[PDB]
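A short worksheet on the structure shown next.
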Amino acid sequence: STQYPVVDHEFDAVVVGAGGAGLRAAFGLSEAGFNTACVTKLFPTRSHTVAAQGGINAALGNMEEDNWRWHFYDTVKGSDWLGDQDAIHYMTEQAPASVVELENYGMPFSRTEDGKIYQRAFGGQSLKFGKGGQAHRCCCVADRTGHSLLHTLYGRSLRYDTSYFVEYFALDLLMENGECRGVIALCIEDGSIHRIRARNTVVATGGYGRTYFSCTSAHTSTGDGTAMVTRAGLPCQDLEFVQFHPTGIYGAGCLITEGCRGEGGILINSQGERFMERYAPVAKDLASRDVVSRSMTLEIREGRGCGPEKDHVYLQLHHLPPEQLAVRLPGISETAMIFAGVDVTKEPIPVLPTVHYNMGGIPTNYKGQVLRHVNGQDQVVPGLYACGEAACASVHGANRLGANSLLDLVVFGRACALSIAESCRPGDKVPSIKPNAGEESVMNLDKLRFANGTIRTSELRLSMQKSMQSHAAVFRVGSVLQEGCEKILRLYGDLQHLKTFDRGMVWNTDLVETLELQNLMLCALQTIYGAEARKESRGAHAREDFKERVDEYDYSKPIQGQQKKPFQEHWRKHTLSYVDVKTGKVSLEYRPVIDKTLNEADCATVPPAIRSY
Amino acid sequence: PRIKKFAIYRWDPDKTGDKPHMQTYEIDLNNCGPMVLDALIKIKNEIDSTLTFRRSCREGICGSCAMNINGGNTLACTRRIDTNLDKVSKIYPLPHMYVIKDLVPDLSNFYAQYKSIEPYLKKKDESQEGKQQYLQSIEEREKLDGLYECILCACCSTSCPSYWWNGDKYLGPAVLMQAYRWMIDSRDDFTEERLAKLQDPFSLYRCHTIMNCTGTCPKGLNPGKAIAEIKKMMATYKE
Amino acid sequence: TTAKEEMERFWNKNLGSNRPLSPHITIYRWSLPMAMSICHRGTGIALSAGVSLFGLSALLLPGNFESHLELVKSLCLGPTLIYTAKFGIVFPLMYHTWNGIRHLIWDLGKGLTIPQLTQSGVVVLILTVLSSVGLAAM
Amino acid sequence: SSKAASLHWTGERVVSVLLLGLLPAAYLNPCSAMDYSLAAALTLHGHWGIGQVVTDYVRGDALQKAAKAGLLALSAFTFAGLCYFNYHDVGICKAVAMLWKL
Ligand SMILES: *Cc1cc2c(cc1C)nc1c(=O)[nH]c(=O)nc-1n2C[C@H](O)[C@H](O)[C@H](O)COP(=O)(O)OP(=O)(O)OC[C@H]1O[C@@H](n2cnc3c(N)ncnc32)[C@H](O)[C@@H]1O
Ligand code: HEM
Ligand SMILES: CC(C)NC(=O)c1ccccc1I
Ligand code: SF4
Ligand code: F3S
Ligand code: FES
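Chains as they are written, first to last, in UniProt numbering: chain E, 52 to 664; chain X, 37 to 275; chain D, 32 to 169; chain W, 58 to 159.
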């Protein structure tokens, strides 16, 4: 107050994030006729979806004949039955419809002989409910899929009159009596604070990949909206589930796509054996994104590493046709030469299992509404929506199937715009906020700007990142996870000892990294505490001590003479985590998985079963 | 130990009448990444956290780390440092742009030019969109190769002398390439009226083929080629 | 906000501020095609000023062209100085003529790659020297 | 759509190829008829050349007028000066011949 120029803006809807989901929501609201604002710390193009390489999943069936219901089955099979089947229904239903939308927007999709969109093999896909074979349903723009996606989404976004607050760091949500009223954001350009108030708020800030030392994600993937929800007292779903992508360059930790394995890429250990025969003989090296990476990490265990350090594994493209690599995978051909210093068509690529996607996030239904947990039941948080990687409608569940998140972006981003347009009309009076609101966020900014401590922003970041990379790895034991807990918890108390250098208003990257650090910590405590409490092997989260699947029934034997286990005895439930901001204490309760689909007659519910792909 | 010297452009707007000046930084390359951005991150995270620069993907596809390295506009995460310690690496912001702070240029004009060319697919029958995928042949898809990859890093236009002298009225190679990108696209019908917008001496014709645009591209694209290809379409299009 | 409304607020902010411009030619590394394009303007400005000083002198100065050469002949002819003055006339001419073809080749679209610029760039530079020496003595 | 700046680019290039085909033609066939065509094409190309130098560097409204009006004055006085030189004197073709033979 009085120290910072407070400028209040009046809008119908606010969308925080300018990724794939953020954009689709933003102009999708202005399409319905809403006065929409969009808050983003980066420039729209310079988000992350740009880094997307594999492709967008759609059951169009341009290669072979395809049904969208088979795409539903593999998503829920890949989710290890923690995936909410009602949200998976809606996403796989809109799958072909929403991609044809993007092609008509201007996306330069690769083509075949018939002139239709090029679909290609990807990990986890199958025809005829996992009986037919390998399905080709990954629509791609030749290794630069998300790049051209975001540009065409941004291209279309200039058709409508949307107020884009470009390079504005949102700190917290404007919240009053459980009702959402907008966001309080800092302008990066001059340092002035803006209290942007609106009737509806859509959160699409993306994931928190930078919680670990080695990640494929960007420097600006810090899970800010996930921590924004955290501070507001609202829960966060399935945060312990962290996607370890099998194929990531040994050097900087960059991503070479799973589409490499789809075209004909092979994974080879030091001795020469194609190790993806000892583990997954059914679906070769094109198995689930968790099973492949977990097989790689177990190959290092024996001492069969492929380098001078004996730590990484090789991905070979030595046998692939010369022009097939240049046409289908031109982006990886250049990034492997730039970073790893490796010719793709002559040598194998040094790859290692690294952090990729964040399965969890803000609790959400299929409509896009943010859910809270009241009396063991689900309650809609008014005026608050979430979509994309930042959200967790659990359309991915325990394990995300490859190339599904771009669908998750466009489908659920579109859903949020429709859920608002059908909720109210553009012109419904904006709920006024008290003049003292955002006080705890402005004071946090002022306290963090002048912060004189013992350890600096970078020292605490490396302390968190290396600890998460050592403790909450691919394999995790109740011994190391418990040790990692009070190791992370202590670092939250270290936030009082923060050393800042810059005291300027205009572009303080030293301050906003620290703002990112506070946000990264909240998405680090819930990741480690949720993992230590969960005692089973499901999807990405595989326990050494608890190597079994703990469901309501033992689904190996027929379901008849079996007593149903009570809710607090099986781990087939969503891990909802809260945290008191002052002490850093993490308390956690649970939400039941959604099994019933949107329509049983149109799409049948898939019962849990053993999954070794 | 292998200590490398870095000369970096610095201007702090919160310093009351501060003039822009260079600053030297001492960095050991043994415990440092191969790229310039890794070195910029290192001094940010160790030596001086007052250095303010744009970063994101460290992959060379977002275009945030755009700057002038040793007299050439490239991406910092793509360009690797010269191991020759006898030379000092000079790091400047994108040439002839209003500096906000230390290597951060104001690109509000650059983006607005990209907004003026309308980088979206336009049809005459927009009533039938969003239900049936538009057909495009493999060769018609090849017409977009080496054009759609543009990251909009702005290394392009900022290397052009015409964009220095007339950045206000001249669009620049980055923007002009995208305008061309939406001309040869077989799905776009508004080809003639896209060429109609450039019918003034400044929008397009301020290019004199200096060729500093192509010579500097981080993605290995050829923007100038497209500009001279527009000029051909401009003189030949009927009505 | 519209397309050209962002441009207005860009100029109404930056021009009325203490924001300094990043250095341009002060720091940018000299490349051959760049420096060759500067010379093509330089030879253009020099030649146009040459022709302008030729036509204006025909209207302002008394006497015919023959008598204007009789004062050049009066000042005892330079041994190799006559070759030097003749050299510094075809040298700016032939450079501009040869590079003028190269600029015209670029208008058709052919030869716009980076390797071809340094290739045809040297060719123009060499054909300048070969038609400056081998033209002044004709 | 009315293309005016497009013709100015094309019309300049047609003058360029005409001037390129005049220099060897003036050497091989030096006459009075070659003198007027060369003078016209030489002063046209030069005018459109400086016209580009003006539009690239001359910033302003009042300055843009004066630089274009001032250039037009020089261009018209150069073409008239050469046409006077072609008519009531040796001409351009003979002038170079007498300058070289010295
Ligand atoms: C990491 C990654 C992910 C990825 C991929 C490759 C990499 C390296 N390739 C994919 C692929 O080929 N196919 C696919 O289906 N998915 C792929 N992924 C996963 C997925 O695409 C990404 O997770 C995706 O980019 C997420 O998109 P989303 O729109 O949800 O989030 P974002 O793209 O990261 O955009 C973030 C935006 O939010 C704004 N932001 C963030 N914090 C703030 C604050 N503090 N204040 C204001 N704005 C904020 C940023 O501005 C940014 O624009
Ligand atoms: C027959 C030989 C010549 C050829 C082939 C030629 C060709 C060209 C071309 C194509 C250009 C445009 C460059 C571009 O921007 O792409 C140019 C520029 C120019 N020329 Fe010539 N020219 C010739 C002789 C002359 C002469 C004798 C003069 C003197 C009156 C002259 C004066 C100029 C000027 C002032 C420019 C402007 C520079 C620019 O805009 O880049 N040229 N020349
Ligand atoms: C390189 C800079 C200083 N010189 C120019 O400005 C320039 C040179 C030749 C052609 C067009 C131009 I706009
Ligand atoms: S065309 Fe190349 S140099 Fe120009 S903005 Fe795009 S990536 Fe940068
Ligand atoms: S640097 Fe230049 S003037 Fe044209 S050829 Fe490239 S835009
Ligand atoms: S940071 Fe993405 S291009 Fe350098």
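Beta carbons are placed, not taken as given, at the ideal position from N, Cα and C, and that holds for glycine.
Judged by DSSP in its simplified three-state form, X:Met58 adopts strand.
Around the beta-carbon of X:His132, 16 or more other beta-carbon atoms lie within 10 Å, marking it buried. Using a Cβ-Cβ distance cut-off of 8 angstroms, the region 400 to 407 of chain E and the region 343 to 350 of chain E are in contact, since at least three pairs of beta carbons, one from each stretch, lie closer than that value. For E:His407, the uninterrupted beta strand (DSSP E) segment begins and ends at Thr405 to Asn409. Relative to ligand 5, D:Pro51 has its C-beta separated by 7 angstroms or more from all heavy atoms. Chain E places a beta carbon closer than 8 angstroms to that of X:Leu171, counting this residue as a contact.
For E:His245, no CB of chain X lies under 8 angstroms from its own CB, so it is not counted at the interface with that chain. The CB of X:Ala264 never comes closer than 9 angstroms to any CB in chain W; the least such distance is about 11 angstroms. For X:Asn202, the nearest beta carbon of chain D is not closer than 8 angstroms to its own beta carbon. For E:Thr348, the distance from the CB to the nearest heavy atom of ligand 1 is not below 7 angstroms. The three-state secondary structure of E:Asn251, taken from DSSP, is strand.
Distances from the CB of X:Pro237 to the heavy atoms of ligand 5 are all 7 angstroms or more. Chain order gives the chain W residues near D:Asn95 as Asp146, where near means a beta carbon separation below 7 angstroms. In its chain, beyond the 5 residues on either side, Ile153 have a beta carbon closer than 6 angstroms to the beta carbon of X:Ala215. Taken in chain order, the unbroken stretches of alpha helix (DSSP H) that lie wholly in the region 471 to 528 of chain E and span 4 residues or more are 490 to 500 and 508 to 522. By DSSP's assignment, E:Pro414 forms a beta bridge with E:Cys443. Every unbroken stretch of the beta strand (DSSP E) spanning 3 or more residues and falling wholly within the region 88 to 172 of chain X is given here in chain order: 102 to 105, 109 to 111, 125 to 128 and 135 to 137. Within 10 angstroms of the beta-carbon of E:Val364 lie 16 or more other beta-carbons, which makes it buried. Distance from the Cα of E:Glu534 is smallest, within the candidate group E:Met519, E:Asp125 and E:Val525, for E:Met519. In its chain, beyond the 5 residues on either side, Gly68, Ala72, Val254, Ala255, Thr256, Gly257, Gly258, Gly274, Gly276, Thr277, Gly412 and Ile413 have a beta carbon closer than 8 angstroms to the beta carbon of E:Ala441. In summary, D:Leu139 is exposed, with fewer than 16 beta-carbon neighbours lying within 10 Å of its beta-carbon over all protein chains present. Residues of the region 548 to 568 of chain E whose Cβ lies closer than 7 angstroms to any Cβ of chain X, in chain order: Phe552, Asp553, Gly555, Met556, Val557, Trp558, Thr560 and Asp561. For X:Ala148, the closest Cβ of chain D is nearer than 8 angstroms. Taking C-alpha positions only, E:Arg250 is separated from E:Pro482 by approximately 6 angstroms.
Counting other Cβ atoms within 10 Å of its Cβ, X:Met103 reaches 16 or more and is therefore classed as buried. DSSP, reduced to helix, strand and coil, places E:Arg195 outside both helices and strands of the structure shown, so it counts as coil.
At the C-beta level, D:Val82 and W:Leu99 come within 8 angstroms of one another. If you draw a straight line from the Cα of E:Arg623 to the Cα of E:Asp137, it is about 16 angstroms long.
Nearest C-alpha to X:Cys191 among X:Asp204, X:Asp181, X:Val211 and X:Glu176: X:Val211.
E:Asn155 is the residue among E:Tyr169, E:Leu200, E:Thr196 and E:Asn155 whose C-alpha sits nearest the C-alpha of X:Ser163. Distance between X:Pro70 and E:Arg541, taken at the CA atoms: about 34 angstroms. With a threshold of 7 angstroms, the Cβ atom of X:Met247 counts as near ligand 5, since some heavy atom of the ligand is closer than that.
When DSSP states are grouped into helix, strand and coil, D:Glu36 belongs to the helix group. Around the CB of D:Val103, fewer than 16 other CB atoms lie within 10 Å, so the residue is classed as exposed. A residue is called buried once 16 or more other Cβ atoms fall within 10 Å of its Cβ, and X:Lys137 is buried on that count.
Per DSSP, the beta-bridge partners of E:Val57 are E:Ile244.
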